[PDB]
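Q: Dropping the structure in here first, questions after.
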Amino acid sequence: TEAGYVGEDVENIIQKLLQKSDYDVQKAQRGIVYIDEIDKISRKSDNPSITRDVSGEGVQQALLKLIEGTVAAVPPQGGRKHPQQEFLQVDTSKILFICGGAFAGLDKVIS
Amino acid sequence: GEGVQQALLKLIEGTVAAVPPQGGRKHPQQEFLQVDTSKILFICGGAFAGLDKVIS
Amino acid sequence: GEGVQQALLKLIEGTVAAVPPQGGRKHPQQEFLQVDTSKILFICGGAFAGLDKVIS
Amino acid sequence: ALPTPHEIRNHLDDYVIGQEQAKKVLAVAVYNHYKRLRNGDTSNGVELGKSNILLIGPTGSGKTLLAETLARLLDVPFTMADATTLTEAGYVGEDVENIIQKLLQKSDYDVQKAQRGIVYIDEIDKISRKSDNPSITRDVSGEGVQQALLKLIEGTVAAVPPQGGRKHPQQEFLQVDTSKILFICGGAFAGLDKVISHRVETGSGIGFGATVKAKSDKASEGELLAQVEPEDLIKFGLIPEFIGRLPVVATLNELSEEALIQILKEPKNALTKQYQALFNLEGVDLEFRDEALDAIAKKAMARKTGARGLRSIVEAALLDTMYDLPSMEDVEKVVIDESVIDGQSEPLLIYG
Amino acid sequence: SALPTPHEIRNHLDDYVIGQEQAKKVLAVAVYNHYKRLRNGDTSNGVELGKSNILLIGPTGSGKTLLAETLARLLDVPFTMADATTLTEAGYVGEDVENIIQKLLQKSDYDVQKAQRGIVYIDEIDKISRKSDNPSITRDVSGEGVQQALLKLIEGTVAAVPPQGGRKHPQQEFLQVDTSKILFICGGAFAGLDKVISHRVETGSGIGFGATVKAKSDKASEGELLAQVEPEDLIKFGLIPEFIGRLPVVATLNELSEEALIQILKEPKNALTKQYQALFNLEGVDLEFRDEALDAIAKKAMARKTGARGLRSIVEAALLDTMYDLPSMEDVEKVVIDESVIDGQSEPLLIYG
Amino acid sequence: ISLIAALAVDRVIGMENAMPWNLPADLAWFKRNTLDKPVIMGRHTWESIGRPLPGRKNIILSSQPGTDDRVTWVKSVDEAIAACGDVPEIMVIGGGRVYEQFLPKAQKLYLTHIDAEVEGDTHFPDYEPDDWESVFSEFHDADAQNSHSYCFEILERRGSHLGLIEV
Ligand SMILES: CN(Cc1cnc2nc(N)nc(N)c2n1)c1ccc(C(=O)N[C@@H](CCC(=O)O)C(=O)O)cc1
Ligand SMILES: Nc1ncnc2c1ncn2[C@@H]1O[C@H](COP(=O)(O)OP(=O)(O)OP(=O)(O)O)[C@@H](O)[C@H]1O
Ligand SMILES: Nc1ncnc2c1ncn2[C@@H]1O[C@H](COP(=O)(O)OP(=O)(O)OP(=O)(O)O)[C@@H](O)[C@H]1O
Ligand SMILES: [Mg+2]
Ligand SMILES: [Mg+2]
């Protein structure tokens, strides 16, 4: 979900990558990611932009800089690290990001 | 709705979840202790009111 | 949305922001450094998808 | 001796141009505060109160500008705030008590001076609740901030964080009274004009007996804002308790084409003068013809951003000029005419 | 002991507040109750008396907070005023309810006896009526959460009261303080309660010829609705039922009328007219307010819907122009304000001398 | 991480110089809440104690290199927080360099609020008067043998965040 809400944030993705990279930013900056179900965050034909689709367009608007490269604000701590204000900085300009979905209905659009 | 059924779709087939390590008097582990959900028998029940007619 | 716009109105013009004093050289325990922002050039950027129709 | 309101108004006209009403409200308010401080012994049964002002003006009118100008002439501690940062008590966001903290820093720990000061809470219109209807969720940044400020305006003893201002070694929370501190709020209240129209204008409907204006004869935003009443502010999302703590209500008027022309040359730090300094520090003179100013005024009105609109018009007219002129040689002065503002012609640079 | 009587104190409260007879009497009897309790500490003789916690419900500008300030002048026991909007649950970075007793100790001079015999006025009690739609993720640091702590404190429980702290530490004596003998006065303008009370007492309207349809002028005021308040109404507002039960006496104020407003302008010790008259005389000018103009101001204030606070708006506006040029002009002796000035069609005449 | 300490008036606790009071009441409570815990001591504190502490996983955070093995020696704050790891409680008891370096990463603060009036160059940083809320209260008013007070307290910090849920 978009930032400032009860759901999850797009920076959590980078937190899981550190658990597997022994909290080594250098190694974490050269890892691969796979975002499953990328077809469920697609606008439900709401082209007029009636309301804020924090689960759809809202999540897509937050990844536009993660896939390209930006100084992400990693969650306070999900490892040995005791403090929270540290807000570990990481660059995502060399981190591959795979995205998979089923896009149920796209076959009709193509035809 | 459909969204709630989508999240559970993964949990039942393995997920490295992040659970706060607390409630057991300050658990020594403080790294969002993981739990593999690919070995837990998920006995999902329910009373499908109407299925009897659908089948007939 | 609007909430983020309402907070930058004073920043882009000038205010006294408080930065958490952690790291570097941040001697003040709780005397949050006052950084005037009346001389900081801000360069926003966006795609504004859909604005073309409004103009048309 | 104490300064008279007329003197204050002169100080306020060096920087602002075209707001007569606001200059009086602030002048009398300061006059009252100055005498309310000298007479601190209160040698009379009466308990002199205080009146809080609420400057309501459209975008780019000089709300924040006036507050800054006041700090130049007055002597007592003055502070500025931003209501968008304030949050209800008990959250990571800033607390209302921080205001006094910032006031103590400007007061030099002189509690007596701090107990008689003037605050200027800006962006007071962004903290307005969703609507008069009850709030389904706790609006930490909305009502919470308003309800938390109620006691500060009527009077209370805020607990300011210790080891601050001009005292590092302190543990006992310093106490300060907020019964003699004039809090001058200020906001833009965009969207209020519609609320005001629903009261000042009635009968609008379809039929032979209804009322229709076509926006040609309809009153302007400034006119509507001068008829604002507390009942209107409640619709905007301001709890009635908050408005009651702000008895005085000063309304600004949307700048006029004539006034915009005066803002370019009369003020002490007028926009034009700022640009002239740039061209002058590098070694070139700059002047603007009277006809040029008139064109700029008309274009700015279209932007609906007040004096801020001017900077856009000026920057565009000389954008290309300011990019190539630094490299040009044998140049002594530049002159911009009305034609340059529309693009039909190009600035005539006087070589030498 | 118990030297002051209810009638005596009522004559002192009327010097500052005009009206609210029920509120004055309720505050009077409860004040006297505490004094009668003081005779033997907590009326320990046989049957033990319950508390007299009051619940002040009044519109804005009615005189709720004013009553607390004027009452303290005539009182002898320590009295501390606290705002319910600055209290947060224990542990958080915000203030804790425990500090309320600390404030009282300052008035009490750290005297445990005098401390437990003080009065605690909690203003803005209507601001912690939890409105959240059962999220359960986080807590209401400025809602129900605080009530749970304040409720256990009023029913009578030992309180953590660290000594003043002149030195680096107060040695955490945390002397227990009994709150069974302390008197609590919770107040605040429950903005919106009128609608809640309306539904319970709503006669119900229809559309035909036999329905009960009334115009806006023919409706009931919040003051009248408040008088018919019941505890159930407070629960809907977002208050714990146990909390309101602890406060048996509920005092409902009455919306001020034109007559009441005219008196407030001239009769009170520190009325608005006297306030402006004092500073006008401090500069060396006499001001006279005709009775005709006074009623005009009240008519305008009744439309602002801000109670007595509306009055200052009308006056400041009327005298804004006058107060701006008056300090510069000379040869001025007195000023007289007429009804026309309030309307805005005339300018106050000056007695040049 | 809990920075157990006393913060004697003027922060005169004493690490470079052997503890002035050296009272059993302060060492008993210490031992009680430190046994087997990775107490991150330091060079100045090691000088004043010296004696290997039974059980306690001593970690001497020293600017110089490590010599002894019985009691571990660490040089960097990263190496000091790595040895202990993520255990539920770390009783950092080292020098001022250690005390202040670990202050940004402290959750609890087992204070003792001693009153002993001494002087020196070893001091502790300041403590947030509002963030650190005292949850535990135990009075240990100065006794005949216990020259000054040794009031044990526990502190912690908490904060709230909104969620702004929609539909
Ligand atoms: C310098 N110093 C640090 C010290 C002293 N008192 C404290 N008291 C408290 N509450 N907390 C501490 N951080 C603390 N630290 C000392 C001094 C002696 C011993 C000591 O000899 N401890 C004994 C315990 C006492 C005993 O049984 O002999 C042991 O066997 O480990 C340790 C720490
Ligand atoms: N009457 C005026 N005379 C001269 N300059 C003005 C005037 N009004 C606005 N300005 C210009 O606009 C800027 C100030 O903007 P202004 O204070 O009107 O914003 P604001 O409406 O107070 O913002 P906010 O909505 O946050 O209160 C200054 O840089 C100033 O040069
Ligand atoms: N009956 C009265 N007589 C004289 N003055 C009054 C009266 N009622 C209110 N006032 C004036 O109003 C101010 C006090 O406001 P009041 O205590 O009514 O606010 P409140 O209703 O407690 O606020 P809230 O609704 O937020 O609780 C004082 O300055 C006082 O002069
Ligand atoms: Mg401004
Ligand atoms: Mg009040």
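Here, A, B, ... name the chains of the structure tokens in the order displayed, residue numbers run from 1 inside each chain, and ligands are numbered from 1 in the same displayed order.
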Write out as a count of residues only each polymer residue (protein, DNA or RNA) that has an atom no more than 10 Å from ligand 5, with only C-alpha atoms and all ligand atoms counted.
A: 25
Q: Onto chain B, please fit chain C by least squares using all C-alpha atoms in order, then return the transformed chain as a short mmCIF file (atom, residue, chain, number, x, y, z; two decimals) with N, CA and C atoms, in the first residue's frame.
A:
data_model
loop_
_atom_site.label_atom_id
_atom_site.label_comp_id
_atom_site.auth_asym_id
_atom_site.auth_seq_id
_atom_site.Cartn_x
_atom_site.Cartn_y
_atom_site.Cartn_z
N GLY C 1 -13.28 -10.90 1.62
CA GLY C 1 -13.56 -12.04 0.77
C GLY C 1 -12.35 -12.48 -0.01
N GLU C 2 -12.30 -12.13 -1.30
CA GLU C 2 -11.18 -12.50 -2.16
C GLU C 2 -9.84 -12.08 -1.58
N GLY C 3 -9.80 -10.95 -0.86
CA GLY C 3 -8.55 -10.48 -0.29
C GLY C 3 -7.93 -11.46 0.69
N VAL C 4 -8.76 -12.17 1.45
CA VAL C 4 -8.21 -13.13 2.40
C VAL C 4 -7.73 -14.37 1.67
N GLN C 5 -8.38 -14.73 0.56
CA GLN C 5 -7.94 -15.89 -0.21
C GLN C 5 -6.59 -15.64 -0.85
N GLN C 6 -6.39 -14.43 -1.38
CA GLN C 6 -5.14 -14.07 -2.05
C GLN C 6 -3.95 -14.05 -1.10
N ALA C 7 -4.18 -13.92 0.21
CA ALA C 7 -3.09 -13.87 1.18
C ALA C 7 -2.67 -15.24 1.68
N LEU C 8 -3.58 -16.21 1.67
CA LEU C 8 -3.27 -17.56 2.14
C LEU C 8 -2.68 -18.45 1.06
N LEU C 9 -2.74 -18.05 -0.21
CA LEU C 9 -2.18 -18.86 -1.29
C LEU C 9 -0.72 -19.22 -1.03
N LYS C 10 0.06 -18.27 -0.53
CA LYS C 10 1.46 -18.52 -0.22
C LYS C 10 1.65 -19.16 1.15
N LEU C 11 0.68 -18.98 2.05
CA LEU C 11 0.80 -19.55 3.39
C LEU C 11 0.61 -21.06 3.36
N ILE C 12 -0.49 -21.52 2.76
CA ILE C 12 -0.80 -22.95 2.69
C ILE C 12 0.25 -23.72 1.90
N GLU C 13 1.02 -23.04 1.05
CA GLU C 13 2.06 -23.67 0.24
C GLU C 13 3.45 -23.51 0.85
N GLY C 14 3.73 -22.34 1.42
CA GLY C 14 5.00 -22.05 2.05
C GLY C 14 5.44 -20.62 1.82
N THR C 15 5.86 -19.97 2.90
CA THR C 15 6.29 -18.58 2.88
C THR C 15 7.11 -18.33 4.14
N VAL C 16 7.43 -17.06 4.39
CA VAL C 16 8.19 -16.66 5.58
C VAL C 16 7.35 -15.57 6.25
N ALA C 17 6.53 -15.98 7.22
CA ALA C 17 5.69 -15.06 7.96
C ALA C 17 6.48 -14.33 9.04
N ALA C 18 6.06 -13.10 9.33
CA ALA C 18 6.66 -12.27 10.37
C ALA C 18 5.65 -12.14 11.50
N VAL C 19 6.05 -12.54 12.70
CA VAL C 19 5.20 -12.50 13.89
C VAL C 19 5.70 -11.38 14.79
N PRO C 20 4.83 -10.51 15.32
CA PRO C 20 5.31 -9.45 16.23
C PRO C 20 6.03 -10.05 17.43
N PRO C 21 7.30 -9.68 17.68
CA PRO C 21 7.97 -10.32 18.84
C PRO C 21 7.58 -9.73 20.19
N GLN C 22 6.40 -10.14 20.68
CA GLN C 22 5.90 -9.73 21.98
C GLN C 22 5.51 -10.97 22.77
N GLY C 23 5.89 -10.99 24.04
CA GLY C 23 5.57 -12.09 24.93
C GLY C 23 6.60 -13.20 24.83
N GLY C 24 6.32 -14.29 25.55
CA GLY C 24 7.14 -15.49 25.57
C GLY C 24 8.63 -15.28 25.58
N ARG C 25 9.31 -15.92 24.62
CA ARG C 25 10.75 -15.80 24.40
C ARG C 25 10.87 -15.30 22.96
N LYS C 26 10.95 -13.98 22.81
CA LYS C 26 10.98 -13.29 21.52
C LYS C 26 12.09 -12.24 21.50
N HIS C 27 13.28 -12.65 21.95
CA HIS C 27 14.47 -11.78 22.04
C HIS C 27 14.64 -10.79 20.89
N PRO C 28 14.54 -11.18 19.59
CA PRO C 28 14.66 -10.20 18.49
C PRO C 28 13.86 -8.92 18.68
N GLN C 29 14.53 -7.77 18.69
CA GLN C 29 13.82 -6.50 18.83
C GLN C 29 12.94 -6.24 17.61
N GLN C 30 13.53 -6.33 16.41
CA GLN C 30 12.79 -6.13 15.17
C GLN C 30 13.16 -7.16 14.10
N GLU C 31 13.97 -8.16 14.43
CA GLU C 31 14.34 -9.22 13.50
C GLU C 31 13.25 -10.30 13.56
N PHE C 32 12.10 -9.96 12.97
CA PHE C 32 10.92 -10.81 12.96
C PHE C 32 11.24 -12.25 12.60
N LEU C 33 10.91 -13.15 13.53
CA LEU C 33 11.14 -14.58 13.36
C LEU C 33 10.58 -15.09 12.04
N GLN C 34 11.41 -15.84 11.31
CA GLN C 34 11.02 -16.42 10.03
C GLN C 34 10.59 -17.85 10.29
N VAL C 35 9.30 -18.12 10.11
CA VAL C 35 8.71 -19.44 10.34
C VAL C 35 8.27 -19.99 8.99
N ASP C 36 9.02 -20.95 8.46
CA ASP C 36 8.64 -21.59 7.21
C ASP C 36 7.32 -22.33 7.41
N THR C 37 6.40 -22.17 6.46
CA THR C 37 5.09 -22.79 6.53
C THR C 37 4.86 -23.79 5.40
N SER C 38 5.92 -24.49 4.99
CA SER C 38 5.82 -25.52 3.96
C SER C 38 5.56 -26.90 4.53
N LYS C 39 5.47 -27.03 5.86
CA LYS C 39 5.24 -28.30 6.54
C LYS C 39 4.10 -28.23 7.55
N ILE C 40 3.24 -27.21 7.46
CA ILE C 40 2.15 -27.02 8.40
C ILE C 40 0.85 -27.43 7.72
N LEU C 41 0.22 -28.46 8.27
CA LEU C 41 -1.05 -28.96 7.75
C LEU C 41 -2.18 -27.98 8.06
N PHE C 42 -2.88 -27.53 7.03
CA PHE C 42 -4.01 -26.63 7.17
C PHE C 42 -5.28 -27.40 6.86
N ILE C 43 -6.30 -27.24 7.70
CA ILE C 43 -7.58 -27.93 7.54
C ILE C 43 -8.67 -26.87 7.56
N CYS C 44 -9.08 -26.42 6.38
CA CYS C 44 -10.13 -25.42 6.29
C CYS C 44 -11.49 -26.06 6.58
N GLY C 45 -12.50 -25.22 6.75
CA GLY C 45 -13.84 -25.69 7.03
C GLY C 45 -14.89 -24.64 6.78
N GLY C 46 -16.01 -25.05 6.18
CA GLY C 46 -17.09 -24.14 5.86
C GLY C 46 -18.36 -24.90 5.59
N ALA C 47 -19.47 -24.17 5.59
CA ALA C 47 -20.78 -24.76 5.35
C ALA C 47 -21.21 -24.68 3.89
N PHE C 48 -20.68 -23.70 3.15
CA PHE C 48 -20.96 -23.48 1.73
C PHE C 48 -22.46 -23.58 1.43
N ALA C 49 -23.23 -22.72 2.08
CA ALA C 49 -24.68 -22.73 1.87
C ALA C 49 -24.99 -22.15 0.50
N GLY C 50 -25.63 -22.95 -0.34
CA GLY C 50 -25.99 -22.58 -1.69
C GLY C 50 -25.25 -23.36 -2.75
N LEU C 51 -24.13 -24.01 -2.38
CA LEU C 51 -23.36 -24.79 -3.34
C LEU C 51 -24.18 -25.94 -3.91
N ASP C 52 -25.09 -26.51 -3.11
CA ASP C 52 -25.93 -27.61 -3.57
C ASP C 52 -26.66 -27.27 -4.86
N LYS C 53 -27.20 -26.05 -4.95
CA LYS C 53 -27.91 -25.66 -6.16
C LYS C 53 -26.97 -25.59 -7.36
N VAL C 54 -25.78 -25.01 -7.17
CA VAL C 54 -24.79 -24.92 -8.24
C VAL C 54 -24.51 -26.30 -8.83
N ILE C 55 -24.37 -27.31 -7.97
CA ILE C 55 -24.11 -28.66 -8.44
C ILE C 55 -25.32 -29.21 -9.18
N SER C 56 -26.53 -28.94 -8.66
CA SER C 56 -27.74 -29.45 -9.29
C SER C 56 -27.91 -28.93 -10.71
#
Q: Can you tell me which residues surround residue F:99 at a distance of at most 10 Å, considering only C-alpha atoms, apart from same-chain residues fewer than 5 positions away, and format the answer as a PyMOL selection string?
A: chain F and resi 3-5+40-42+92-94+104+106+123-125
Q: Distance atom 24 (C, counted along the ligand's line) of ligand 1-atom CA of residue F:113, one decimal place?
A: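 Straight-line distance from atom 24 (C, counted along the ligand's line) of ligand 1 to atom CA of residue F:113 works out to 18.7 Å.
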Q: When you look at stretch 64-73 of chain A with a cut-off of 7 Å (counting only C-alpha atoms), what residues show up, excluding the ones that are within fewer than 5 positions of it in the same chain? I need them as an mmCIF file with N, CA and C atoms, in the first residue's frame.
A:
data_model
loop_
_atom_site.group_PDB
_atom_site.id
_atom_site.type_symbol
_atom_site.label_atom_id
_atom_site.label_comp_id
_atom_site.auth_asym_id
_atom_site.auth_seq_id
_atom_site.Cartn_x
_atom_site.Cartn_y
_atom_site.Cartn_z
ATOM 1 N N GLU A 11 9.214 -0.350 0.544
ATOM 2 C CA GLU A 11 10.569 -0.515 1.049
ATOM 3 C C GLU A 11 10.747 -1.826 1.803
ATOM 4 N N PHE A 87 17.807 4.319 9.837
ATOM 5 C CA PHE A 87 17.210 4.416 8.499
ATOM 6 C C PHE A 87 18.243 4.163 7.395
ATOM 7 N N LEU A 88 18.803 2.948 7.420
ATOM 8 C CA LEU A 88 19.814 2.492 6.464
ATOM 9 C C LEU A 88 19.507 2.925 5.035
ATOM 10 N N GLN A 89 20.499 3.537 4.393
ATOM 11 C CA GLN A 89 20.386 4.015 3.021
ATOM 12 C C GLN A 89 20.940 2.974 2.059
ATOM 13 N N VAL A 90 20.226 2.759 0.954
ATOM 14 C CA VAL A 90 20.630 1.800 -0.068
ATOM 15 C C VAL A 90 20.232 2.341 -1.433
ATOM 16 N N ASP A 91 21.050 2.021 -2.434
ATOM 17 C CA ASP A 91 20.831 2.432 -3.813
ATOM 18 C C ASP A 91 20.287 1.250 -4.602
ATOM 19 N N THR A 92 19.284 1.514 -5.443
ATOM 20 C CA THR A 92 18.641 0.481 -6.248
ATOM 21 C C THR A 92 18.830 0.718 -7.742
ATOM 22 N N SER A 93 19.984 1.253 -8.141
ATOM 23 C CA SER A 93 20.268 1.481 -9.551
ATOM 24 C C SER A 93 20.969 0.300 -10.212
ATOM 25 N N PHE A 97 14.810 -6.121 -10.886
ATOM 26 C CA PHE A 97 13.479 -6.249 -10.292
ATOM 27 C C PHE A 97 12.558 -6.933 -11.295
#
Q: For stretch 131-145 of chain D, find every residue with an atom within 7 Å (counting only C-alpha atoms), except residues of its own chain fewer than 2 positions away, and show them as a count of residues only.
A: 16
Q: Return as a ChimeraX atom specification every polymer residue, whether protein, DNA or RNA, with at least one atom no more than 10 Å from an atom of ligand 1; count only C-alpha atoms and all ligand atoms.
A: /F:3-7,13-35,39,41,44-56,91-94,110-114,150-153
Q: Those residues with C-alpha atoms, as an mmCIF file, in the first residue's frame please?
A:
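selection_32.cif, written as the output of this step:
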data_model
loop_
_atom_site.group_PDB
_atom_site.id
_atom_site.type_symbol
_atom_site.label_atom_id
_atom_site.label_comp_id
_atom_site.auth_asym_id
_atom_site.auth_seq_id
_atom_site.Cartn_x
_atom_site.Cartn_y
_atom_site.Cartn_z
ATOM 1 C CA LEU F 3 22.388 1.060 29.442
ATOM 2 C CA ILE F 4 22.484 0.177 33.136
ATOM 3 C CA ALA F 5 24.081 3.094 34.974
ATOM 4 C CA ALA F 6 23.711 5.496 37.914
ATOM 5 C CA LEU F 7 24.282 9.008 36.484
ATOM 6 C CA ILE F 13 29.985 7.792 38.571
ATOM 7 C CA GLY F 14 33.667 7.160 37.829
ATOM 8 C CA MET F 15 35.381 4.894 35.287
ATOM 9 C CA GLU F 16 38.957 6.179 34.930
ATOM 10 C CA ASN F 17 39.137 6.415 38.742
ATOM 11 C CA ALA F 18 38.115 3.519 41.023
ATOM 12 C CA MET F 19 34.485 3.932 42.179
ATOM 13 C CA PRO F 20 34.359 6.294 45.215
ATOM 14 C CA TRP F 21 31.558 4.599 47.170
ATOM 15 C CA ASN F 22 32.221 0.892 46.299
ATOM 16 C CA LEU F 23 29.107 -0.219 48.200
ATOM 17 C CA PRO F 24 27.745 -3.824 48.164
ATOM 18 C CA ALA F 25 24.195 -2.628 47.444
ATOM 19 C CA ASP F 26 25.226 -1.180 44.077
ATOM 20 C CA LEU F 27 27.296 -4.254 43.158
ATOM 21 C CA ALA F 28 24.577 -6.701 44.249
ATOM 22 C CA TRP F 29 21.816 -5.223 42.078
ATOM 23 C CA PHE F 30 24.378 -4.953 39.270
ATOM 24 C CA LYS F 31 25.405 -8.626 39.503
ATOM 25 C CA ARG F 32 21.730 -9.627 39.786
ATOM 26 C CA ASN F 33 20.716 -7.995 36.474
ATOM 27 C CA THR F 34 23.989 -8.799 34.634
ATOM 28 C CA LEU F 35 24.718 -12.531 35.229
ATOM 29 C CA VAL F 39 27.915 -6.537 29.434
ATOM 30 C CA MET F 41 32.360 -2.736 29.468
ATOM 31 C CA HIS F 44 38.402 2.712 31.868
ATOM 32 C CA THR F 45 35.807 0.508 33.557
ATOM 33 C CA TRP F 46 38.096 -2.534 33.307
ATOM 34 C CA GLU F 47 40.787 -0.512 35.098
ATOM 35 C CA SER F 48 38.485 0.171 38.051
ATOM 36 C CA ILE F 49 37.155 -3.409 38.282
ATOM 37 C CA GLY F 50 39.838 -5.580 36.700
ATOM 38 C CA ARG F 51 38.587 -8.769 38.390
ATOM 39 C CA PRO F 52 36.953 -11.253 35.952
ATOM 40 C CA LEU F 53 33.219 -11.127 36.616
ATOM 41 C CA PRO F 54 31.808 -14.713 37.109
ATOM 42 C CA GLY F 55 29.567 -15.671 34.189
ATOM 43 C CA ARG F 56 29.182 -12.177 32.679
ATOM 44 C CA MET F 91 24.070 -4.131 29.995
ATOM 45 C CA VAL F 92 26.553 -1.692 28.460
ATOM 46 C CA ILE F 93 28.787 -0.637 31.379
ATOM 47 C CA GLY F 94 31.862 0.754 29.621
ATOM 48 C CA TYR F 110 18.303 0.789 34.402
ATOM 49 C CA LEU F 111 19.319 3.904 36.334
ATOM 50 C CA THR F 112 20.381 4.234 39.984
ATOM 51 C CA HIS F 113 20.325 8.066 40.503
ATOM 52 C CA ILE F 114 23.227 8.161 42.953
ATOM 53 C CA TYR F 150 21.033 3.991 45.284
ATOM 54 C CA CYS F 151 17.451 4.251 44.015
ATOM 55 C CA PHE F 152 16.992 1.665 41.259
ATOM 56 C CA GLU F 153 14.710 2.660 38.380
#
Q: Need the shell around residue D:100: protein/DNA/RNA residues with any atom at most 10 Å away, counting only C-alpha atoms. Skip same-chain ones fewer than 5 positions apart. Format as a PyMOL selection string?
A: chain D and resi 79+105-107+114-115+119+158-161+165+176-178
Q: Of the residues D:54, D:219, D:317, D:30, which is the one nearest to residue D:124, using only C-alpha atoms?
A: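 For residue D:124, the nearest of the candidates is D:54.
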Q: Tell me, in Å to one decimal, how far atom CA of residue E:170 is from atom CA of residue F:148.
A: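 That distance, rounded to one decimal, is 13.1 Å.
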Q: If we count only C-alpha atoms, what is near residue E:145 at a cut-off of 7 Å, once residues fewer than 5 positions away on the same chain are taken out, given as JSON, numbers by chain?
A: {"E": [89, 139, 140]}
Q: Keeping only N, CA, C and O atoms, take the residues you just selected and write them out as a short mmCIF file (atom, residue, chain, number, x, y, z; two decimals), in the first residue's frame.
A:
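File produced: selection-v9.cif:
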data_model
loop_
_atom_site.label_atom_id
_atom_site.label_comp_id
_atom_site.auth_asym_id
_atom_site.auth_seq_id
_atom_site.Cartn_x
_atom_site.Cartn_y
_atom_site.Cartn_z
N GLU E 89 -1.36 8.37 27.48
CA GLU E 89 -1.17 7.16 28.26
C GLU E 89 0.28 7.06 28.74
O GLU E 89 1.18 7.71 28.20
N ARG E 139 -3.28 2.48 19.34
CA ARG E 139 -4.05 2.90 20.49
C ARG E 139 -4.38 4.39 20.39
O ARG E 139 -3.72 5.15 19.69
N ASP E 140 -5.43 4.78 21.12
CA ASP E 140 -5.91 6.16 21.16
C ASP E 140 -5.25 6.87 22.34
O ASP E 140 -5.82 7.01 23.43
#
Q: Residues within 9 Å of ligand 2 should be enumerated using only C-alpha atoms and all ligand atoms and returned as number ranges by chain.
A: C: 6, 9-10, 13; D: 13, 15-19, 56-67, 82, 122-125, 186-189, 255, 259-260, 262-264, 266-267, 269-271, 305-310
Q: Would you work out the distance separating atom CA of residue E:215 from atom CA of residue E:255, expressed in Å to one decimal?
A: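 If I compute the distance from atom CA of residue E:215 to atom CA of residue E:255, I get 19.7 Å.
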Q: If we count only C-alpha atoms, which residues of chain F reach to within 12 Å of chain C? Please list them as a ChimeraX atom specification.
A: /F:100-101,103-105,125-131
Q: For a quick test of understanding: name the residues of chain A lying within 12 Å of chain F when counting only C-alpha atoms, and present them as a ChimeraX atom specification.
A: /A:1-8,51-55,76-86
Q: Take the residues from that selection and write them out as a compact mmCIF listing (two decimals), in the first residue's frame, keeping C-alpha atoms.
A:
# COMPACT_ATOMS: atom_id res chain seq x y z
CA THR A 1 0.00 0.00 0.00
CA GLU A 2 1.01 3.63 -0.39
CA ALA A 3 3.19 5.28 2.24
CA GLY A 4 1.43 6.53 5.35
CA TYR A 5 -1.17 3.73 5.52
CA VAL A 6 -1.76 0.64 7.65
CA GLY A 7 -0.73 -1.77 4.89
CA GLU A 8 2.79 -2.60 3.74
CA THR A 51 -10.30 8.23 -5.97
CA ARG A 52 -6.84 7.22 -4.71
CA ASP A 53 -6.19 3.53 -5.45
CA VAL A 54 -3.59 2.99 -2.74
CA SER A 55 -3.63 -0.73 -3.59
CA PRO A 76 14.29 0.97 10.74
CA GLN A 77 15.49 -2.55 11.54
CA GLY A 78 14.62 -6.16 10.75
CA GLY A 79 17.88 -7.80 11.81
CA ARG A 80 20.57 -7.75 14.47
CA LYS A 81 20.55 -3.93 14.30
CA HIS A 82 19.02 -2.61 17.53
CA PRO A 83 18.22 1.06 16.72
CA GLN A 84 15.49 2.36 14.43
CA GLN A 85 16.35 5.98 13.58
CA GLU A 86 19.42 4.73 11.64
Q: Run DSSP on the backbone and tell me which residues of chain C come out as alpha helix (DSSP H); list them as an MDAnalysis selection string.
A: chainID C and resid 2:8 51:55
Q: Could you find all residues in stretch 134-294 of chain E that DSSP calls strand (DSSP E or B) from the backbone, and write them as number ranges by chain?
A: E: 183-187, 249-252, 286-289
Q: Residues of chain E no more than 6 Å from chain D, counting only C-alpha atoms: send them over as a ChimeraX atom specification.
A: /E:85-86,88,93-94,131-132,270,275,304,306,309,312-313,324
